[PDB]
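Only one structure is covered here, and it is reproduced in the block below.
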Amino acid sequence: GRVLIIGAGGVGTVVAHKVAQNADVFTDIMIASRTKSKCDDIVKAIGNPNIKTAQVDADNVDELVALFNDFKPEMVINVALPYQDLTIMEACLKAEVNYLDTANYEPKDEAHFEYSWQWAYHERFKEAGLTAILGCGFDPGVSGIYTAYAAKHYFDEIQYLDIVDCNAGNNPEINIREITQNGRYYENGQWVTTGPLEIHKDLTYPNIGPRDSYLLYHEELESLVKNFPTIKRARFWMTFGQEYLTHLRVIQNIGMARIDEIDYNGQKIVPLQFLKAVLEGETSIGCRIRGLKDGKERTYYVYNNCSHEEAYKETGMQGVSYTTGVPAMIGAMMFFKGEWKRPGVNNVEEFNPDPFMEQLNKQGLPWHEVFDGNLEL
Amino acid sequence: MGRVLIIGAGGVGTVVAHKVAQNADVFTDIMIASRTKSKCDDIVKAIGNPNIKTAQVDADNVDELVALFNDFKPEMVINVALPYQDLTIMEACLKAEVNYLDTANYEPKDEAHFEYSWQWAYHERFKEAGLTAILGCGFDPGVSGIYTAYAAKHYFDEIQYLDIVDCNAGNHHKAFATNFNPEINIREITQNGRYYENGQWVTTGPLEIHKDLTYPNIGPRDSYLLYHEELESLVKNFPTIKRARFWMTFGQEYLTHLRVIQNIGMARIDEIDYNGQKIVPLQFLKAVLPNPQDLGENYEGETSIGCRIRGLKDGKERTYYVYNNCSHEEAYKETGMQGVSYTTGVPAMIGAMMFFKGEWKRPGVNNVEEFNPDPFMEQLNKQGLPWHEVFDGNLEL
Ligand SMILES: NC(=O)c1ccc[n+]([C@@H]2O[C@H](COP(=O)([O-])OP(=O)(O)OC[C@H]3O[C@@H](n4cnc5c(N)ncnc54)[C@H](OP(=O)(O)O)[C@@H]3O)[C@@H](O)[C@H]2O)c1
Ligand SMILES: NC(=O)c1ccc[n+]([C@@H]2O[C@H](COP(=O)([O-])OP(=O)(O)OC[C@H]3O[C@@H](n4cnc5c(N)ncnc54)[C@H](OP(=O)(O)O)[C@@H]3O)[C@@H](O)[C@H]2O)c1
């Protein structure tokens, strides 16, 4: 049960905490990242001196292979940035290490992500007997596990999938890249494109109430549509307050959302990253699913609500880092326990959702089901 | 001597170079020196006069400036670099016995507070050396004080109320851009408002007080009260003034962008460590924002800047409104810049002309209202900034 965490950010902080909380499964833990001091901060916060740390540039396959051959992990949990997905997978192949991440690949010079890059590794991973688990955060991640759970127990055919993500509380480089692209959803065999944050409507969230929700593309639509060909329409919605949208608009207008490197006193700075250097309540994230069971239409809503305060008291991080870090740990737990072992490259919906859902209820993300309700869309 | 040296090759310096080159009878030898020499050479190529010399200089370095001054031997140095360079350039002018003019008074790099004490401190040294320093000779500061001196000289026994009003009614068709150096521009407009009334200076919140004011050829515009450096010297030099305020128009989209820039920390003036390098966020913002110097091509509309003055003549209250409207497109066609660079650059050239012609000769450190306004006002009509007068109208203020 040797696990290596790459990335000492908000998510990695949560993953480390949750891995440490399950030492019967995770007997040996290391945290490696670009800035080692953040790794050591996490170890001190957890209070477990047995967690090892290391500096590594995960853009460098050779550095990674040396680290992997030193610590000898059985799985690496990549919660660095999407840019590191492929170099880490390369190192995993060469050092015969299994793999898990929470976000699929996008190149540094283009804010477009898709699964082709990582799916390309399927046969190499398979012939090496290695398992890769892609997109095992909350969304992507629990959102596809929720959908697999519904398909397994409640639906003959899933026909409409609507993922809803509300942060009702009170990494910006990858975050602002995600939300500024054209919207995109799936309907009747085709991918449909909107303007950025053009389509929106009020959706009512448990314990929160109605919130302005905006349609945008999201990674998991690509694989969920592929893996559930009964789907007639799949969309993803996220809430955005007016002040947030205003700040987002201005940031773009002034040039601080740029993703190319600019030259500033002999140093290569990308405006969006420099912005990062300067930049109560709860989340509610789930899936609203409609389809057929025993010849009749049926609706289903399954969700988690995560309190920012409770997440902070446990891990020092807020609800967005918490909801992503917990499932990443559980994915590794499923592999270590043999519940999720499938040589090749896998999306979460391809595994048995039941043992994962059972752990979510025990590891800080209890989920709730509403049957036969009005899904509002 | 007739030799003039221009420091700063930005938007204002581009205009100043064009305007001095247009008056070769006065300015017989011209040099443009600036931190980045290629921009000096860009200006000379645009003007088409190979006789204009260029040079690289770091105007933060008194030694470098003195060497440049003793080589070129200017009679006056027109400082249109940043306020930060005001004192080092004045130091060098004193050491090399060269006269001085700028369009903005000093603020330290580490504090967004400007005032005249720094430069007034050089008065007796300049005076003893026979050197004249002309401070704040742009449009506002500059023409705004020359307008005031003009009104005091010709139309009032006693001026009592001064309101300077500044509207940029143009459209540069950018989501957001500033009209001059964004670093200096943003530092200025984000401070607390201040004005003068009944013997005291009153502080307001930033952009707290605003009125609808009607601008010639433009109409009503949302106008905001803020401090402006010429209020300090004009209140000093015209004691009869009872109330002095400065107003500038801001559109809603502009204010929205300005608010967000401050909230996200990109208006900060302190240095942060970014990959072992010291970076001032406001200075980084300048790098990505549109360059004011490149806006003229798609700039339409015009500016309107003037002074609304009220006071007594022969015991009766009178009003006076004097202003200039400047077409962004005409400024662009003439100089490649836009109306804010133009309104600032033309009066800087004229102040130097007044010195070269002997009209404005006053050893020491001077604000523009201390000179005879008449010959300056005459040149404004001839050098591209004609002004208009309205007598006894409603000042709305
Ligand atoms: N599926 C979901 O629900 C979900 C939700 C949110 C986020 N995520 C994903 O989670 C990941 C982490 O997010 P976060 O918020 O924790 O980000 P973060 O706070 O910026 O942390 C990223 C970490 O990766 C490190 N890193 C970056 N480049 C590296 C390199 N070349 N070599 C080694 N380490 C490197 C960073 O090092 P430094 O300390 O030097 O900066 C930092 O410690 C991202 O991929 C994000 O897309 C997924
Ligand atoms: N009175 C008024 O009505 C009024 C109105 C607007 C502006 N102004 C003033 O006019 C001045 C010029 O503004 P602008 O918009 O033209 O600014 P700008 O476009 O940024 O140009 C300033 C110039 O100074 C140069 N410079 C900066 N630091 C220097 C240093 N250490 N040594 C030498 N040169 C240096 C810059 O060089 P680089 O090319 O290397 O950047 C640039 O060429 C400012 O002081 C501003 O406050 C006055």
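Start at 1 and go down the list; that is how both ligands and their atoms are numbered. Just so it is clear: chains get the letters A, B, ... in the order the sequence lines come, proteins before strands, and each one is counted from 1.
Numbered from 1 in the order shown, with element, the atoms of ligand 2 that lie under 4.0 Å from a heavy atom of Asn181(B) read 15 (O), 17 (O), 20 (O). Annotation for ligand 2: atoms under 4.0 Å from non-hydrogen atoms of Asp58(B) are 30 (C), 31 (N), 32 (N). Against a heavy-atom cut-off of under 4.0 Å, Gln293(B) is close to the following atoms of ligand 2: 19 (O). Residue-ligand proximity, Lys38(A) to ligand 1, at heavy-atom distances under 4.0 Å covers atoms 38 (P), 39 (O), 41 (O). Below 4.0 Å from some heavy atom of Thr36(B) lie the following atoms of ligand 2, by number and element: 38 (P), 39 (O), 40 (O). Set against the non-hydrogen atoms of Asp60(B), the atoms of ligand 2 under 4.0 Å away are 31 (N).
Ring geometry for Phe246(B) against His228(B) counts as parallel: the plane angle stays under 30°, on a 0 to 90° scale with 60° as the upper cut. Ring-plane geometry between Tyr299(B) and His328(B) is classed as parallel, the angle between the planes falling under 30 degrees on a 0 to 90 degree scale with a further cut at 60.
Of the possible polar contacts, one joining the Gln85(B) side chain to the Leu82(B) backbone as a donor-acceptor pair under 3.5 Å is found. Under a 3.5 Å cut-off, the side chain of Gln338(B) and the backbone N or O of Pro292(B) do form a donor-acceptor pair. Of the possible polar contacts, none joining the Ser304(B) side chain to the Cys167(B) backbone as a donor-acceptor pair under 3.5 Å is found.
Residue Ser33(A) places a heavy atom less than 4.0 Å from ligand 1. Taking a 4.0 Å cut-off on heavy atoms, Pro83(B) registers as neighbouring ligand 2. Contact annotation: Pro141(B) has at least one heavy atom less than 4.0 Å from an atom of ligand 2.
Closest to atom 46 (C) of ligand 1 among all protein heavy atoms lies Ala103(A) CB, 4.3 Å. Among protein heavy atoms, atom 20 (O) of ligand 1 sits closest to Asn171(A) ND2, 2.8 Å. In terms of protein heavy-atom proximity, atom 32 (N) of ligand 1 is closest to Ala58(A) N, 2.9 Å. Among protein heavy atoms, atom 12 (C) of ligand 1 sits closest to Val79(A) O, 3.3 Å. Scanning the protein for heavy atoms near atom 28 (N) of ligand 1, the closest one is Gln84(A) OE1, 3.5 Å. Ranking protein heavy atoms by distance to atom 7 (C) of ligand 2, first place goes to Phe180(B) CD1, 3.6 Å. For atom 13 (O) of ligand 1, the nearest protein heavy atom (residue, atom name, distance) is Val11(A) CG2, 3.8 Å. Counting protein heavy atoms only, atom 5 (C) of ligand 1 is closest to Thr324(A) OG1, 2.9 Å.
Looking at ligand 2, you won't find any N or O of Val340(B) less than 3.5 Å from one of its N or O atoms. At under 3.5 Å, a nitrogen or oxygen of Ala9(B), whether backbone or side chain, sits near a nitrogen or oxygen of ligand 2. For ligand 2, the polar-atom distance check finds an N/O of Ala81(B) within less than 3.5 Å of one of the ligand's N/O atoms. For the pair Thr103(B) and ligand 2, the shortest N or O to N or O distance falls below 3.5 Å. The shortest N or O to N or O distance between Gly13(B) and ligand 2 is not under 3.5 Å. Of the polar atoms of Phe139(B), at least one N or O is found under 3.5 Å from an N or O of ligand 2, judged by distance alone. Close N/O approach between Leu82(B) and ligand 2 is not found [any backbone or side-chain N/O within under 3.5 Å]. For ligand 1, one of its N or O atoms has an N or O atom of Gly10(A) under 3.5 Å away. The N/O atoms of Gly8(B), backbone and side chain alike, include none that comes under 3.5 Å of an N/O atom in ligand 2.
Under a 4.0 Å N-O distance rule, the pair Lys109(B)/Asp60(B) qualifies as a salt bridge. Between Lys44(A) and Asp40(A) there is no salt bridge, since no side-chain N of the basic residue sits under 4.0 Å from a carboxylate O of the acidic one.
Nearest to atom 27 (C) of ligand 2 by heavy atom, out of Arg35(B), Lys37(B), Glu64(B), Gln56(B), is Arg35(B). Across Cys136(A), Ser321(A), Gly9(A), heavy-atom proximity to atom 42 (C) of ligand 1 is greatest for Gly9(A).
Side-chain contact, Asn105(B) with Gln119(B): no donor N or O sits under 3.5 Å from an acceptor N or O. Using modelled atom types, one finds no donor on one side chain facing an acceptor on the other under 3.5 Å when comparing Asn185(B) with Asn179(B). Remark: the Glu220(A) side chain and the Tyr115(A) side chain contain no N/O donor-acceptor pair separated by less than 3.5 Å. For the residue pair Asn168(B) and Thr303(B), no side-chain donor N or O sits within less than 3.5 Å of a side-chain acceptor on the partner. No donor-acceptor contact under 3.5 angstrom links the side chains of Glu349(A) and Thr147(A), judged on distance only. For the residue pair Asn305(A) and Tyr303(A), no side-chain donor N or O sits within less than 3.5 Å of a side-chain acceptor on the partner.
Residues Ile330(A) and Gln363(A) meet the side-chain proximity criterion, which asks for heavy atoms closer than 4.5 Å.
When heavy-atom distances to ligand 2 are checked against a 4.0 Å cut-off, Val57(B) comes that close only through its backbone atoms N, CA, C and O. The residue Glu173(A) has no part lying near ligand 1, judged by heavy-atom distances below 4.0 Å.
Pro327(A) and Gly137(A) make their closest contact through CB-O, 3.1 Å (heavy atoms, listed as atom of the first residue, atom of the second, distance).
Aromatic ring centres of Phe113(A) and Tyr217(A): separated by under 6.0 Å.
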**Asked** Taking it one step at a time, do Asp102(B) and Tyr100(B) satisfy side chain to side chain donor-acceptor pair (under 3.5 Å)?
**Response** CA-CA 7 Å; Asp102(B) 70 27; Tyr100(B) 176 90; 2.7 Å; yes
